[PDB]
Amino acid sequence: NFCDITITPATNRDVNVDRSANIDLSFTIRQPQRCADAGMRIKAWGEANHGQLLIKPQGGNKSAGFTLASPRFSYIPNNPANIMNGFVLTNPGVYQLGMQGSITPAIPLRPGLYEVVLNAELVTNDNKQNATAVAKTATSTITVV
């Protein structure tokens with residue numbers, strides 16, 4: 001009932017973009033309100049060098065992908081935590097990870113379609129090691145021309 005999980009609409013682009021300019025794309029991972037309040041931590045991760053969020057060519061490697069300029073992380077202010085266990089997590093009482101990146105002029109556009117994936121999971125209730133419960137997935141193709 002009181003659990004919300006979502007990787008938000010800033011996923012995917014329109015038809016095509018040939019601009020080398022700031023195209024800010026704000027992605028989000030939401031976790032169960034009641035489970036967070038139950039003493040459980042939120043899990044969210046992406047594809048960056050630190051597994052946070054990354055835009056990389058479809059069929060390509062994340063190490064060849066393009067960095068999100070300056071990724072920012074927003075959340076529900078209350079009980080935070082350190083980025084460990086292979087992902088970003090807060091303390092119980094919080095269920096939010098807003099990962100907003102920007103495909104910037106820092107990369108000259110020309111490669112084919114990009115893929116952006118965000119993953120979600122609830123830990124601590126199930127197990128608190130690294131990966132154990134329901135991992136959600138959302139991948140979006142960004143058309144760069």
# chains A, B, ... in the order shown; residues from 1 in each chain; ligands from 1
>>> residues_around(residues="region 98-113 of chain A", least_positions_apart="5", cutoff="10 Å", atoms="only C-alpha atoms", output="PyMOL selection string")
chain A and resi 7-8+10+16-30+44-46+52-60+65-76+118+140-145
>>> residues_around(residues="residue 81 (chain A)", least_positions_apart="6", cutoff="9 Å", atoms="only C-alpha atoms", output="ChimeraX atom specification")
/A:88-91
>>> write_last_selection(atoms="N, CA, C and O atoms", output="PDB file, in the first residue's frame")
ATOM      1  N   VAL A  88      23.929   3.876  -3.834  1.00  0.00           N
ATOM      2  CA  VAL A  88      23.621   4.994  -2.962  1.00  0.00           C
ATOM      3  C   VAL A  88      22.409   4.655  -2.111  1.00  0.00           C
ATOM      4  O   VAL A  88      21.393   4.172  -2.618  1.00  0.00           O
ATOM      5  N   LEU A  89      22.536   4.882  -0.819  1.00  0.00           N
ATOM      6  CA  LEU A  89      21.481   4.568   0.115  1.00  0.00           C
ATOM      7  C   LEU A  89      21.454   5.583   1.237  1.00  0.00           C
ATOM      8  O   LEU A  89      22.466   6.212   1.547  1.00  0.00           O
ATOM      9  N   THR A  90      20.281   5.774   1.797  1.00  0.00           N
ATOM     10  CA  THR A  90      20.102   6.650   2.931  1.00  0.00           C
ATOM     11  C   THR A  90      19.769   5.801   4.148  1.00  0.00           C
ATOM     12  O   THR A  90      19.781   4.571   4.071  1.00  0.00           O
ATOM     13  N   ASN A  91      19.476   6.442   5.258  1.00  0.00           N
ATOM     14  CA  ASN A  91      19.052   5.731   6.450  1.00  0.00           C
ATOM     15  C   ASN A  91      17.536   5.589   6.440  1.00  0.00           C
ATOM     16  O   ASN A  91      16.860   6.257   5.650  1.00  0.00           O
TER      17      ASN A  91
END
